[PDB]
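K.L.:
The following block contains the structure, expressed as structure tokens.
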Amino acid sequence: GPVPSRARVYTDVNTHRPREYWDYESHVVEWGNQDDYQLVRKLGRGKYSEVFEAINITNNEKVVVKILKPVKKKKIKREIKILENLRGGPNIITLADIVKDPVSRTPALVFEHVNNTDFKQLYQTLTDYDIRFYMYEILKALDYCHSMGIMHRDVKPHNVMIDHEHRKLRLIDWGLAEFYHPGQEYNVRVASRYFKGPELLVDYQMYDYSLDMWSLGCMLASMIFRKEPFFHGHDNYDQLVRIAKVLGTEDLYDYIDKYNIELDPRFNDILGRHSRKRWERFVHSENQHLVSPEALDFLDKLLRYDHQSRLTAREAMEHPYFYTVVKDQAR
Ligand SMILES: O=C(O)c1ccc(-c2oc3c(Cl)cc(Cl)cc3c(=O)c2O)cc1
Ligand SMILES: [Cl-]
Ligand SMILES: [Cl-]
Ligand SMILES: [Cl-]
Ligand SMILES: [Cl-]
Ligand SMILES: [Cl-]
């Protein structure tokens, strides 16, 4: 059958942790008091679901309340355990409390209050240095959660909040996150279509942290090329076709043969044969001040079919694309 795969880095982090760190089903959720918080107003209305600004009356502090949609108890405890494990990490949203409605028993997460200038307003006015800076901030969050044995599995602009005034960034929406365990098969119905890695589109279940690095590559390509989204597929099959129309089908079939991925029969005729299009083909005039040789080389090392060939978050942070960004943050 499929050839087994292991992550290149952070492979055994959860194995060296105590069991209670990652065994979220055995964790006992200690719910707080809902009456400690009063809702003030809706936040991100139209784009975000059940996100409220609230006041913690026990200390007169502003917080954010996220009322969760009805899902299984297993997924609730998983997200809570992951948020608590990552609390305090760089650029990770901070979980403040866990409350539940008395009568309806609806779960709700309480987060720290930060500013959010959504990408829809910044996608049109991001500088070349601003792209590098915020990419690096996302990489810090990804390296941390990967080093803590966590896959985010839903990296996309909607799940990244940017405080443009304070130059701050938070990775949010950890409802699809999971713990990485060597040899475990994972669900392929994760992330959004435009940011799904090829391992999800070919139903290879033994993926790892490198899935997040593909999604990040999709975000970078949309920013420096001014094409949102960069891989604009209309269904799951078309998503892999649009990727194949850029990376070529030669490396896709080598990827399929490397891990003995039994691709479905009709899907093989869908892909057909496509040559690899060089990254300079997507550059023109308006998106020209954002494309550099180091930007294309960095993007090329993220958008690889082979999940084991993509850069890790740490290797990405040391790419020359961030050379000046690294030295400027150190001051
Ligand atoms: O479930 C989650 O992972 C999650 C976590 C945090 C937030 C969150 O959203 C905000 C929005 Cl949409 C607008 C504004 Cl102006 C501020 C915030 C904010 O401070 C904040 O923490 C939303 C969802
Ligand atoms: Cl949402
Ligand atoms: Cl998005
Ligand atoms: Cl899973
Ligand atoms: Cl496309
Ligand atoms: Cl990594």
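All positions are counted from 1 along the displayed chain.
Technique stated in the header: X-ray crystallography, 2.2 Å.
Each residue, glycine too, has its Cβ placed from N, Cα and C.
Per Swiss-Prot, active site, proton acceptor is recorded for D154. Per Swiss-Prot, the feature ATP binding site maps to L43, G44, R45, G46, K47, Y48, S49, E50, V51, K66. Taken from Swiss-Prot, the feature domain 'Protein kinase' applies to 37-322, supported by sequence analysis. Here Swiss-Prot flags 34-39 as region 'Interaction with beta subunit', drawing on similarity to another entry.
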K.L.:
Report the largest Cα to Cα distance, in Å and rounded to a whole number, among the residues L43, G44, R45, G46, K47, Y48, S49, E50, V51, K66 that the record lists as binding ATP.
P.N.:
14
K.L.:
Whole-number Å distance between the CA of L43 (ATP binding site) and the CA of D154 (active site, proton acceptor)?
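P.N.:
Distance between the two Cα atoms comes out at 21 Å.
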K.L.:
Tell me which binding-site residues (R45, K47, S49) have a Cβ under 6 A from ligand 1; sequence order is fine.
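P.N.:
Within range of ligand 1: none.
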K.L.:
Which residues does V51 (ATP binding site) neighbour through Cβ under 8 Å, counting only same-chain ones at least six apart?
P.N.:
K42, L43, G44, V64, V65, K66
K.L.:
Compile a sequence-ordered list of residues in the same chain as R45 (ATP binding site), six or more apart from it, whose Cβ lies below 8 A from its Cβ; state 'none' when nothing qualifies.
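P.N.:
Same-chain residues close to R45 (ATP binding site) (Cβ under 8 Å, separated by 6 or more): none.
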K.L.:
How many whole Å apart are the CA atoms of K47 (ATP binding site) and the residue listed as 'active site, proton acceptor'?
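P.N.:
Each residue's Cα considered, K47 (ATP binding site) and the residue listed as 'active site, proton acceptor' end up 16 Å apart.
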K.L.:
I'd like the Cβ neighbour count for the residue listed as 'active site, proton acceptor', meaning other Cβ atoms within 10 Å of its Cβ, all protein chains included.
P.N.:
21
K.L.:
Kindly point out which of the recorded positions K47, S49, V51, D154 have a C-beta less than 6 Å from some atom of ligand 2.
P.N.:
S49
